[PDB]
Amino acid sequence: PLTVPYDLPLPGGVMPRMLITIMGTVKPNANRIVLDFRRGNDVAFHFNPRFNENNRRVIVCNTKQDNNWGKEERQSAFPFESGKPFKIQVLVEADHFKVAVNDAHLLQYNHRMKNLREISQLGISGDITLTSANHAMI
């Protein structure tokens, strides 16, 4: 039983083969969800499911450095349903993040910020209840 927003510390930074697993439930009339892998006030990887952008559901990914966003990467596969439980797994590899939801591959996001040791927090927020958040090696 965790609270939201939740900043999961990643004390040593991220490394290849780290698998982060987040379990929770989408709030019944959710509008947005966010996972932010942060390096200080910069966001190495922002993963943002939007339940209604111009009447579509879309996940937007991007990077924030010095208070500026970059080029968005967008994906319409949308495995989240309002009110329903979900398992998100983020696998960190040497060149990208890979995300799977409910054990199914969703997307990949190539590293823009290359200093993986400095990514030391994962911010989890938006319209969810959070049951658990941890990581392991695979």
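Position 1 is the first residue in the sequence shown; the rest follow in order.
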Mean C-alpha B factor from the entry: is it higher for 98-106 or for 52-60?
52-60
Highest mean C-alpha temperature factor of the two stretches 65-73 and 24-32, which is it?
65-73
Using the temperature factors of the C-alpha atoms in this entry, rank residue 10 within its chain: lowest, middle or highest third.
highest
Using only modelled residues of the chain, where does the Cα B factor of residue 39 rank: lowest third, middle third or highest third?
highest
